[PDB]
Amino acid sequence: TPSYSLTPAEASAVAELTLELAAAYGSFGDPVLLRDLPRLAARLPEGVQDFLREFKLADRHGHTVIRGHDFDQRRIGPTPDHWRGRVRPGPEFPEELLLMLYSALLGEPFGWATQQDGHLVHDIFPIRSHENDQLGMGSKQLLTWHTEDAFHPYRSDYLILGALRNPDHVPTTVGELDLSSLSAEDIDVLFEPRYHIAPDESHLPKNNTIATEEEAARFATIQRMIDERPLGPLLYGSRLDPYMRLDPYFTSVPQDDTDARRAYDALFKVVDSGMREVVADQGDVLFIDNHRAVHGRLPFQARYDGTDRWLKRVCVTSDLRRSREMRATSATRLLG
């Protein structure tokens, strides 16, 4: 899997740029910053821009990493106890800006209106009260792998994860599809509309309000999918090198479809066995193609003392206007 290792000169240049922009703009609340993002991203080292452009256009490998960034630990400060109530932007604004620049080289940053106050860059660090069950703000318990929001027609196209700190080198898991491990028979079944993919609870329209025609319409397409339960494929794009959408937990293989069950079981085994540990250590930025890779998290014991692992996360869409029906305005980048 190709990666890019920054020279110390490149790391210094990236660091300087992010400090300059952090001083020049107030916050991501600034509409002008969001406008300026792709032009600003053109100020990144040329080798870096070339590398990500190649990754994007090759449409072959499902993840890549850019390693060796300089993330100033003294400036960044202690890992917070919670995301709620923090001053925004924080002293790690330069790192958030970096990830937004990278998102602009790949597409458009976007978010989910109900998640982390609508912030475009999410925090990933342990929160003591969240210690019980499977999520990003946890630690103690496993996070099995999946395509992000597999059921959703406007799911992320890419995900960008930047490791601000990771003292105990807790890796992330990512897995791709080795198509040669699957029979042509199984591939054809996986390309057919034979599977049901259920939404995560956070997407269910009965989660939110029932007032006004405007918001009802914002969830009408998802409601329709819940009501009609359309069957869909797990593989798509090119038969020779396919995209996938695989969330085992939310996937139903219809009981009577014996061929869909055989093929699904073969697909699951291939992806499960191909899972890899990718460490995103301090200064590493991991890029995940949500159409070619699944991702997961490993459990770890947190210290809750301001020294814990801290990642930042940005979701990327190749086509912001596609999701217009689920966005409250044309300008907003938040769905819901």
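The first residue of the shown sequence is 1; numbering continues from there. In this text, the rigid core denotes the largest set of C-alpha atoms whose superposition between the two forms falls within 1.5 Å.
- Taking 73-81 and 229-237 in turn, the stretch whose Cα atoms are more displaced from the shown form in 8 other deposited structures of this protein following rigid core superposition is 229-237.
- RMS Cα deviation from the shown model in 8 other deposited structures of this protein, rigid core fit, is larger for 249-257 than for the other stretch of the pair 249-257 / 156-164.
- Annotation: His122 does not belong to the positions left without coordinates in a third of the other compared entries; each one with flanking residues models it.
- Per the compared records, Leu204 is unresolved in at least a third of the other entries whose models span it.
- Stretches 236-244 and 142-150 differ in mean CA B factor, with 142-150 having the higher one.
- Mean CA B-factor, 289-297 versus 271-279: the higher value falls on 271-279.
- You'll see in the entry that, of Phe110, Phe93, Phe71, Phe219, the Cα B factor peaks at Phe219.
- Comparing the listed residues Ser156, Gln116, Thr79, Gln134, the entry records the largest Cα B-factor for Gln134.
- Among the modelled residues of its chain, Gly62 has a C-alpha B-factor that falls in the middle third according to the deposited record.
- Among the modelled residues of its chain, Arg303 has a C-alpha B-factor that falls in the highest third, as given in the PDB entry.
- In this PDB entry, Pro8 carries a Cα temperature factor that places it within the lowest third of its chain's modelled residues.
- Residue-level temperature factors show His203 in the highest third of its chain, judged at the C-alpha atom.
- Among all modelled residues in this chain, the alpha-carbon of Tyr102 has a temperature factor (C-alpha) in the lowest third.
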